[PDB]
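Everything on this sheet refers to the single structure shown next.
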There are 2 protein chains.
Amino acid sequence: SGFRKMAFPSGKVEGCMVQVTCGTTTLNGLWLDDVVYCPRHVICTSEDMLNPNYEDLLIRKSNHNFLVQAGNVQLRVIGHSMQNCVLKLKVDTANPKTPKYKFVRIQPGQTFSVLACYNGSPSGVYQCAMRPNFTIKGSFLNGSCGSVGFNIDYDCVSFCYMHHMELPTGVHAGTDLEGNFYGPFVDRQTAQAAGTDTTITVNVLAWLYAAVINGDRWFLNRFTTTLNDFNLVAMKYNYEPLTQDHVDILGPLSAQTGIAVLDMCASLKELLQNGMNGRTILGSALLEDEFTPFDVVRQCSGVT
Amino acid sequence: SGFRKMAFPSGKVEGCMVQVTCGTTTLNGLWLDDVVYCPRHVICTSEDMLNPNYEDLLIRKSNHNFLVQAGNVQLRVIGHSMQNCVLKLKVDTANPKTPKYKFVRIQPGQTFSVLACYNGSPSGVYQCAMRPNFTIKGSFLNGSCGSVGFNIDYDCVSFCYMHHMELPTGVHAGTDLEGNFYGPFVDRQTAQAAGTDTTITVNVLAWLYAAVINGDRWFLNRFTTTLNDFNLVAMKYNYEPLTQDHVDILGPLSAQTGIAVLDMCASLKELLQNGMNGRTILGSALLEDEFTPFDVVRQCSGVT
Ligand SMILES: O=C(Cc1cccc(Cl)c1)Nc1cccc2[nH]ncc12
Ligand SMILES: O=C(Cc1cccc(Cl)c1)Nc1cccc2[nH]ncc12
């Protein structure tokens with residue numbers, strides 16, 4: 001028992017990290033097979049970042065201008081192309097450490113692990129959620145661009161995020177591995193509105209089920225609610241409206257604990273209306289929304 | 001910017017994990033050079049666990065009774081010995097993935113990463129603290145015994161913990177890599193008192209400095225305090241007494257922010273006496289003590 005904000009083991013991703021330098025800029029790249037993926041802003045100088053003309057900046061670059069280093073060994077670049085906001089550097093050697101992998105575009109409210117890197121070297125790993133507004137609240141310093149987010153299903157790494165930018169608000173924005181930003185963001189040094197965010201209701205409910213499984217039960221009450229009534233409360237408290245699709249994904253946790261989803265909704269309703277009263281749930285004094293129902297089941301069943 | 005409960009990249013440790021089976025019991029082992037380390041209770045049956053006679057149980061075992069499997073390949077066991085609460089299984093092949101490593105006994109209040117494993121396969125990685133009472137609040141299910149805790153300083157893995165037991169209270173106990181338990185625990189299925197725990201004051205202060213560095217400043221006040229006055233408050237709130245040694249380790253963070261350690265102590269004093277008033281610090285609604293001053297500097301400087 002016990003419940004932690006657990007990340008996937010990062011080894012399979014550590015073996016893919018490289019350093020990419022173009023001119024004066026260094027960031028991280030992801031080496032899979034014979035391609036290195038990295039943020040296209042590796043080609044910018046500070047003078048360029050207010051609104052870079054990426055097409056023109058890339059025309060001034062040749063294969064030999066992209067310095068790619070995998071630990072201590074240099075990779076030979078034999079092609080380059082820009083796809084949306086990523087560059088794809090074709091190299092003459094397939095990464096021997098390439099794991100089985102997929103590129104996936106995750107949905108808002110889903111979670112993933114981030115391997116924060118600097119100069120192609122891994123620094124640390126943490127778990128986070130893609131907010132409903134498509135930002136991430138990460139831990140990224142200058143030089144972390146090109147670090148990736150991923151999930152692992154047995155031996156397959158599904159890469160879902162590449163880090164590109166820290167907005168002036170201190171929240172993070174990035175792309176899928178085809179270089180499409182999550183959210184409305186653009187790769188320019190400008191203030192950019194991130195939408196209104198909401199709390200991921202189905203994840204808070206999953207975490208309340210994790211709490212019951214792991215011994216924290218004080219918040220269970222004698223009440224029930226309906227989706228309509230619960231959604232009036234979710235509206236007031238800026239929580240995502242709950243749907244039958246969310247109730248269905250909570251089915252396994254409802255079956256494991258014997259607590260009907262709408263009864264757990266009534267516990268969440270009381271917690272939203274009354275607060276925690278100075279108590280904690282799974283070591284937290286707030287309602288946690290960074291665990292999906294799949295994460296809770298995986299953590300409570302010991303999936304490897 | 002941003003601050004997360006970050007674990008070390010686990011790849012170097014993933015390469016050391018093996019499955020050890022003895023009779024009907026399977027758990028995890030750590031393969032370094034030509035030795036596999038695992039909890040000695042791998043030799044017990046359920047009938048043995050109330051108070052096992054480990055010496056007698058191990059006398060009934062031969063090298064060929066210890067089944068060690070590294071992924072899909074079987075290791076040949078050419079020796080066995082019990083050291084405190086660990087078994088050391090000498091194998092005929094040095095682990096090719098053995099990283100540079102050390103065995104260290106950590107101090108209470110220090111932090112480390114855990115690579116939770118089942119059947120020798122990594123499941124996930126998380127960061128935690130060794131409580132002042134020598135327990136850990138982990139995420140461990142049955143089959144996780146033998147999972148290890150570690151820190152990494154550049155290319156060297158310092159292994160500090162091997163998981164052995166979940167106490168009836170749901171908290172975790174284990175040993176250093178020489179098999180000495182942290183705390184008063186014994187490897188038997190009995191209720192065992194864990195001491196009175198306290199909050200790790202120097203880590204809460206480090207985390208308040210991380211909060212100021214990362215933009216959360218609302219808790220800064222016009223006050224100062226002394227070590228004596230602060231320690232009266234720490235006493236009331238079950239916090240570890242602060243010493244000049246703790247003030248000295250907070251020196252770098254004090255220099256980075258320009259906030260004297262005793263002024264930060266006055267902010268912590270007000271937070272202990274008044275609570276958070278429904279506000280958060282670094283996404284937490286409680287005072288976090290699982291980040292050391294070294295962790296805060298490492299995370300805020302991008303060490304790889
Ligand atoms: O965000 C950027 C580069 C950049 C600026 C504008 C647009 C783009 Cl696409 C890229 N550098 C950072 C500086 C400081 C902390 C940081 N955390 N994560 C990144 C990061
Ligand atoms: O703790 C043990 C085995 C054991 C019992 C008594 C003494 C010893 Cl040394 C070992 N099994 C577990 C069962 C369920 C969840 C668990 N989490 N971590 C372990 C764990």
Side-chain angles (χ1 to χ4, degrees), chain A residues 1-3 25-28 38-46 48-52 54 85-86 114 116-118 135-147 162-175 179 181 185-192 213-215 300 302, chain B residues 1-3 25-28 38-46 48-52 54 85-86 114 116-118 135-147 162-175 179 181 185-192 213-215 300 302:
Chain A
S1 78
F3 205 76
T25 307
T26 294
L27 45 59
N28 306 282
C38 73
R40 67 177 178 170
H41 73 252
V42 73
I43 72 180
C44 301
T45 63
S46 266
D48 294 312
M49 289 310 302
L50 92 155
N51 188 16
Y54 288 99
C85 303
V86 293
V114 170
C117 293
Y118 298 88
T135 60
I136 80 172
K137 302 185 159 189
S139 178
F140 290 116
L141 302 170
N142 202 4
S144 68
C145 303
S147 295
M162 176 166 276
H163 185 49
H164 288 238
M165 180 171 61
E166 179 165 307
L167 293 158
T169 58
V171 316
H172 301 115
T175 68
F181 265 92
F185 309 109
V186 289
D187 46 357
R188 298 162 206 196
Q189 191 89 260
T190 53
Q192 295 178 43
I213 292 167
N214 290 282
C300 303
Chain B
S1 78
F3 205 76
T25 307
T26 294
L27 45 59
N28 306 282
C38 73
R40 67 177 178 170
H41 73 252
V42 73
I43 72 180
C44 301
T45 63
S46 266
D48 294 312
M49 289 310 302
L50 92 155
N51 188 16
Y54 288 99
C85 303
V86 293
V114 170
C117 293
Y118 298 88
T135 60
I136 80 172
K137 302 185 159 189
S139 178
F140 290 116
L141 302 170
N142 202 4
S144 68
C145 303
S147 295
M162 176 166 276
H163 185 49
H164 288 238
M165 180 171 61
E166 179 165 307
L167 293 158
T169 58
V171 316
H172 301 115
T175 68
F181 265 92
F185 309 109
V186 289
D187 46 357
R188 298 162 206 196
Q189 191 89 260
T190 53
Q192 295 178 43
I213 292 167
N214 290 282
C300 303

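Below, chain A is the first sequence line, B the second, and so on; all start at residue 1. Counting starts at 1 for both ligands and their atoms, in listed order. What you see below is based on every heavy atom in this structure, not just the backbone, and it leaves out hydrogens, waters and symmetry mates.
- Of all protein heavy atoms, the one closest to atom 19 (C) of ligand 1 is A/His163 NE2, 3.5 Å.
- From the protein, the heavy atom lying nearest to atom 10 (C) of ligand 2 is B/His164 O, 3.3 Å.
- Side chain of A/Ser144 to backbone of A/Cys117: no donor-acceptor contact under 3.5 angstrom is found.
- Here the closest non-hydrogen pair linking B/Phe185 and B/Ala173 is CD1-CB, 3.8 Å.
- Among the candidates B/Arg40, B/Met165, B/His164, the single residue satisfying the side-chain contact (heavy atoms from CB on, under 4.5 Å) test with B/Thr175 is B/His164.
- Using cut-offs of 30° and 60° on the angle between ring planes, the pair A/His163 and A/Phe140 is parallel.
- Between A/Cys145 and the options A/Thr26, A/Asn28, A/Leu27, a side-chain contact (heavy atoms from CB on, under 4.5 Å) holds for only A/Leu27.
- Protein heavy atom nearest atom 20 (C) of ligand 2, with residue, atom name and distance: B/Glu166 CB, 3.8 Å.
- Looking at A/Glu166, its side chain does come within 3.5 Å of a backbone N or O of B/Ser1 through a donor-acceptor pair.
- Of all the listed residues (B/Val171, B/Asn142, B/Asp187, B/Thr190), B/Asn142 holds the heavy atom that lies closest to atom 13 (C) of ligand 2.
- For atom 8 (C) of ligand 2, the closest non-hydrogen atom of the protein is B/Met49 CE, 3.5 Å.
- Backbone and side-chain nitrogen or oxygen atoms of A/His41 are examined, and none is located within less than 3.5 angstrom of a nitrogen or oxygen of ligand 1.
- Interatomic distance, A/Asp187 CG to A/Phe181 CZ, rounded to the nearest 0.5 Å: 4.5 Å.
- Residue contacts with ligand 1: B/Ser1 is placed with no nitrogen or oxygen under 3.5 Å of a nitrogen or oxygen of the ligand (distance criterion only).
- Distances below 4.0 Å separate heavy atoms of A/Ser144 from the following atoms of ligand 1: 18 (N).
- At a 3.5 angstrom cut-off on N or O pairs, A/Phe140 counts as close to ligand 1.
- Scanning the protein for heavy atoms near atom 6 (C) of ligand 2, the closest one is B/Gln189 OE1, 3.6 Å.
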